[PDB]
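All residue numbers refer to positions in the sequence shown, counting from 1. First listed ligand is number 1; within each ligand, the first listed atom is number 1.
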Amino acid sequence: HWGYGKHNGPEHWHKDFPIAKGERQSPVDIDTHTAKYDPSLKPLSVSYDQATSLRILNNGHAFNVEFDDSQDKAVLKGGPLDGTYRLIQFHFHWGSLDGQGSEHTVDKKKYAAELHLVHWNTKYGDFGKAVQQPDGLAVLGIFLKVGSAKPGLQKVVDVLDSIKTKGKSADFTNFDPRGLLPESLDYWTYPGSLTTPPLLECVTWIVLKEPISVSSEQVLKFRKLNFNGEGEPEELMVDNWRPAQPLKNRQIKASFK
Ligand SMILES: COc1ccc(C)cc1NC(=O)Nc1ccc2c(c1)[B-](O)(O)OC2
Ligand SMILES: [Zn+2]
């Protein structure tokens, strides 16, 4: 199965998932001088006050904090989006070193990690149906740089010991994702895809310009997780990011002048 090692990493994915070489793959490099300000972009609306987190799971390629999306609680709307998108989960991609780890890059700059808050278009009824649509998901991407600790991230860091290996999960209720957002909601947006197999081209990417800062100790704990299952040879969960893909026939739009 696919992963991030030399023998099953990003360069191999196209054999089982031909869409890997598709027309709207993610991530991409964001060339800040080429992205054009779009005055028509409506303001972004992130309404997470009623978010209901439930569990945290190590799925063998990252850890997902899952939410109750059986009702319209936490939603994302506005910006380039038509309609309402419901939060279902968030996860991160990070490196073995502070100098790499993000999937999107800014003028080729790689951040230490990148957070993906995943939302699905409620007009499609459920997540599985949504990923089959070009406007099925809206993912909010937030860069992480190493510096001061992010208070709102500590509850996540402290539970990682309990989900060290693939397939382990733990109760994770009452977590407030608002604590993972930067001050400004200025963003870049473009049509793209999931960055892991099946690599479906169903995502409207909304990548925030302002990164959040996390401490070296916080990201060091991410790097202690395992890709393997319990009782298997230890493979540290690091560098679970896909590199920038061809922009092709797409334009990245900026929400700010
Ligand atoms: C085997 O994987 C699946 C099987 C069946 C279904 C319906 C969905 C998936 N995968 C999926 O949703 N991935 C996924 C979801 C959200 C995001 C990413 C990947 B990302 O681009 O990294 O960040 C945001
Ligand atoms: Zn992701």
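Ligand 1 has an N or O atom lying under 3.5 Å from an N or O atom of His116, backbone or side chain.
Across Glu114 and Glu103, no two heavy atoms sit closer than the pair OE1-N, 2.8 Å.
Between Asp186 and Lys257 there is no salt bridge, since no side-chain N of the basic residue sits under 4.0 Å from a carboxylate O of the acidic one. Of the charged side-chain nitrogens involved, none lies within less than 4.0 Å of a carboxylate oxygen, so that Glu235 and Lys166 do not count as a salt-bridged pair.
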Determine, stepwise, if the pair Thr189 / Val207 fulfils side-chain contact (heavy atoms from CB on, under 4.5 Å).
-> CA-CA 6 Å; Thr189 184; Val207 178; over 6 Å; no
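Contact annotation: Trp205 has at least one heavy atom less than 4.0 Å from an atom of ligand 1. Residue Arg242 places every heavy atom at 4.0 Å or more from ligand 1.
For ligand 1, the atoms lying closer than 4.0 Å to a non-hydrogen atom of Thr196 are 19 (C). Within ligand 1, counting atoms from 1 as listed, the ones closer than 4.0 Å to a heavy atom of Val118 are 16 (C), 17 (C), 24 (C). Listed by number with element, the atoms of ligand 1 under 4.0 Å from a non-hydrogen atom of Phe127 are 7 (C), 8 (C), 12 (O). Every atom of ligand 1 with a heavy atom of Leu194 under 4.0 Å away is listed here by number and element: 11 (C), 13 (N), 14 (C), 15 (C), 19 (C), 21 (O).
In this structure, a donor-acceptor pair under 3.5 Å is absent between the side chains of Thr165 and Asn226.
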